[PDB]
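Note sheet for the following structure.
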Amino acid sequence: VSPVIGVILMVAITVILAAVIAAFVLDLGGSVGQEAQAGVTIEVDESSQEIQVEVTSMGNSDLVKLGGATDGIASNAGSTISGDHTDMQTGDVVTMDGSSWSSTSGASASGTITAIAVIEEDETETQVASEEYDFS
Amino acid sequence: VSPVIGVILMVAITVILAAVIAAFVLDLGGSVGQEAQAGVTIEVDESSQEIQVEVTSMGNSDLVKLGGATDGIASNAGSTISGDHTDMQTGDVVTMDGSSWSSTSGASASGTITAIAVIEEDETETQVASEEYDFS
Amino acid sequence: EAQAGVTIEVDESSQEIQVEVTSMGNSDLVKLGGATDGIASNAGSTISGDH
Amino acid sequence: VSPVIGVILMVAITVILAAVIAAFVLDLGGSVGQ
Amino acid sequence: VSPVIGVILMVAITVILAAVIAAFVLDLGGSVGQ
Amino acid sequence: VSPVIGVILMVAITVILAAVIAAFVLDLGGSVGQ
Amino acid sequence: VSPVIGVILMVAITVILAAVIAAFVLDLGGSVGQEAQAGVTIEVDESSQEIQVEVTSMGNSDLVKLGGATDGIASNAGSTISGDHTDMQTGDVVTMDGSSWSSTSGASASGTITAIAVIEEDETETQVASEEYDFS
Amino acid sequence: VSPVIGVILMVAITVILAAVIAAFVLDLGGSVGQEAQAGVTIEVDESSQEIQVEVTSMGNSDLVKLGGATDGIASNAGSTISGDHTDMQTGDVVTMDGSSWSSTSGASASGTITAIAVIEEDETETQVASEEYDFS
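Residue numbers (the deposited numbering), protein chains in the order written: chain A, 19 to 154; chain B, 19 to 154; chain C, 53 to 103; chain D, 19 to 52; chain E, 19 to 52; chain F, 19 to 52; chain G, 19 to 154; chain H, 19 to 154.
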């Protein structure tokens, strides 16, 4: 009689463990991480020490912002950036005049300008373009 | 007896997880993002400070509108733009007289004129042409 | 023991949560619990549909 | 399942790259120096 | 259950690799030497 | 009970193998020879 | 009581088997076989019975050597080969004078000249170019 | 003792199921469907109401035959077709005189002439060229 009751109890434990593991499996099942992608052009003009950025295509993202060395520039370099860099729609233009960075403290004459695509649905951030410059 | 019931329960969980992952996979399966393309010519005349735009070909899009520096001009520069810039069909002509931008507040004598192709089916926007100007 | 598959998705852009039943399994009805008890009790119409 | 999703993503990247290269080609297309 | 989770993880890796290769492709896309 | 614990262990091994193969794939991903 | 102890022992055996299979899986996991690739040009001149080889591009390999019919030639044909054939860098030139092969024993007037790329990291060998000749 | 015998039986069932699924997988593994491709030129002459077909290249197929509207013509239009249309080798010419189709019952003055490539190894048929005509 003992082994049969043991089998029944083990079956109950098996059902409970299956119920527990189902939630863990389904937790991974739903986490299909998304990735943003888009096309932006960056161009550094040596004749006037200026950098221009435009969004050629949107892809699946909905807004693009500039990162990298722009953090130091936009923070204290003030009006050397024209336009809006925190939200660039397709067809927008952002112009950065780099003549004054060589003397403005905290603004690196070298570095890199990087573009980040943003999706508000889950706060996904992805790098889409990069290009370095040297006004030193 | 215990491992067999466990196998049955695991098979049921496998079927449920397959059903869950199928929807996630098919969600990505249908998102074939489209991109607009067309040909437009932009020409900046230095003798009279005027910019002319015409649509040479439509490609697969159905309407073209001007963006970039035109946002500042069209917003408050008033009648310096002739024709319709929000919807340009093939063979249409848009003429912009830039003589007065050097003194009109909010109108940049420099910048860039960009063309955007539009598809109403999914609100896709793509840049097709760009050209800068300097009436400063 | 009941088992089924339901998808929950929290949208940061509009502060909204969506729930749908992908599969039934062997159960026959699903209801929302947890923090929904506080919300559904007095938050009124912030929930749409039948929970 | 993995290679099919990869193919879809590669197709999307191909469309984006075509859109990017179209502007570059058309930039040279209009520069008929007089 | 194991192969399904493996497929999900491989799909995630495929998305990440597509994101990585997109930047490399677009780097060459813009270098139209004059 | 045995097959469920086996499934859990196999899932863990699958995660570890995915982590291992990700580095190998990304190694080739970045080698765009100029 | 018996089935519960059996379940415990089976769980232990399952853990041990998982540990054993993990090593086997990871053994295949790391064996991502590499392949060498490069570009080399081979040219057979009918006017003087001479064959010229140059490395146009290196690709990802680091040295190129000649195989195929060259094994018979280089072994006993002596000075009919000029330059270094066991290690050809980019921009190097190897010239082989085939006039004397028609009479030198062990040197095939026909056959094929093949190029092999080499990587010292794992001794990978890959064929990159081939071309036949007939001085018979 | 019960769970161990259950594990043994489940292992046997797993081996049997693996053997069963192997055949199903290998059935799909070998079905690499082939497709024929070739180049044929079709030309419709308005001055004499005649259509000419020639095989410019064979590709990987081995014979070409005409389909489409030719089915109605070749069936009862008799000698209006010259040459052999059921098997066209490279460099062959088939001439069809369409003057009489406007009055011959069952012969459509309009329609389309299509070319089909054929491979006898697995009876693959593929369309390679098409062109319409209007002698009505």
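Built from N, CA and C at the ideal position, the CB exists for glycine as well.
Listing by chain order, which chain A residues have their CB less than 8 Å from the CB of residue i?
i	result
residue 38 (chain B)	44, 47, 48
residue 87 (chain B)	111
Whole-angstrom Cβ separation of residue i and residue j, contact assumed at under 8 Å?
i	j	result
residue 108 (chain A)	residue 76 (chain A)	5 Å
residue 117 (chain H)	residue 154 (chain H)	Actually they are not in contact, since the Cβ atoms of residue 117 (chain H) and residue 154 (chain H) sit about 12 Å apart, beyond 8 Å.
residue 43 (chain G)	residue 31 (chain F)	7 Å
residue 56 (chain H)	residue 79 (chain H)	5 Å
residue 82 (chain B)	residue 41 (chain B)	Actually they do not touch by this definition, with Cβ atoms about 38 Å apart.
residue 106 (chain A)	residue 69 (chain A)	Wrong, their Cβ atoms sit about 14 Å apart, outside the cutoff.
Closer than 7 Å by beta-carbon distance: list the chain G residues that pair up with residue i, in chain order.
i	result
residue 33 (chain F)	Per Cβ cutoff of 7 Å: no residues; residue 33 (chain F) is ~12 Å from chain G at best.
Give me the chain D residues within the contact set of residue i, using Cβ-Cβ distance strictly less than 9 Å, ordered along the chain.
i	result
residue 147 (chain B)	41, 44, 45, 48
Exposed or buried, residue i, counting other C-beta atoms within 10 Å across all chains shown (16 or more means buried)?
i	result
residue 143 (chain B)	buried
residue 21 (chain E)	exposed
residue 61 (chain B)	exposed
residue 73 (chain H)	buried
residue 52 (chain H)	exposed
residue 67 (chain C)	exposed
residue 26 (chain E)	buried
residue 37 (chain D)	buried
residue 111 (chain A)	buried
residue 33 (chain B)	exposed
residue 19 (chain A)	exposed
residue 46 (chain D)	exposed
residue 147 (chain A)	buried
residue 39 (chain A)	buried
residue 58 (chain G)	buried
residue 87 (chain G)	buried
residue 145 (chain B)	buried
residue 24 (chain A)	buried
residue 129 (chain B)	buried
residue 71 (chain A)	buried
residue 85 (chain B)	buried
residue 99 (chain C)	exposed
residue 54 (chain A)	buried
residue 35 (chain B)	buried
For residue i, return the contacting residues in chain C, with the cut-off set at a CB-CB distance below 8 Å.
i	result
residue 30 (chain B)	55, 77, 78
Can you tell me whether DSSP reads residue i as helix, strand or coil?
i	result
residue 54 (chain G)	coil
residue 20 (chain D)	helix
residue 45 (chain G)	helix
residue 81 (chain G)	strand
So which residues of chain E does residue i contact, with C-beta pairs closer than 7 Å?
i	result
residue 19 (chain F)	Under the 7 Å cutoff, chain E gives no residues; its nearest Cβ is about 15 Å from residue 19 (chain F).
residue 51 (chain A)	30, 33
Taking Cβ-Cβ distances shorter than 7 Å, what residues in chain A pair up with residue i?
i	result
residue 68 (chain C)	Simply none; closest approach about 11 Å.
residue 112 (chain C)	Residue coverage of chain C in this structure runs from 53 to 103, which leaves residue 112 (chain C) outside it and unanswerable.
Could you list which residues in chain C have their beta carbon closer than 7 Å to that of residue i, in chain order?
i	result
residue 140 (chain A)	64
Cβ closer than 8 Å: which chain H residues qualify as neighbours of residue i?
i	result
residue 25 (chain G)	21
With hydrogens ignored, establish whether the beta-carbon of residue i is closer than 7 Å to any heavy atom of the ligand MG.
i	result
residue 71 (chain H)	Of ligands this structure carries none, so the ligand MG is not represented either.
Residue i touches chain E at which residues, Cβ-Cβ below 9 Å?
i	result
residue 108 (chain A)	Ordered by position in chain E, no residue passes the 9 Å Cβ test against residue 108 (chain A), which lies about 16 Å from the chain.
List the residues of chain B that residue i touches, going by C-beta distances under 7 Å, in chain order.
i	result
residue 74 (chain A)	145
Name the chain A residues whose beta carbon is nearer than 9 Å to that of residue i?
i	result
residue 122 (chain B)	Here the premise fails: no neighbours, minimum Cβ distance about 17 Å.
Task: Entirely enclosed alpha helix (DSSP H) segments - the stretch 83 to 130 of chain G, minimum 4 residues - done: Within the stretch 83 to 130 of chain G, the complete alpha helix (DSSP H) segments at least 4 residues long are 88 to 94, listed from N- to C-terminus.
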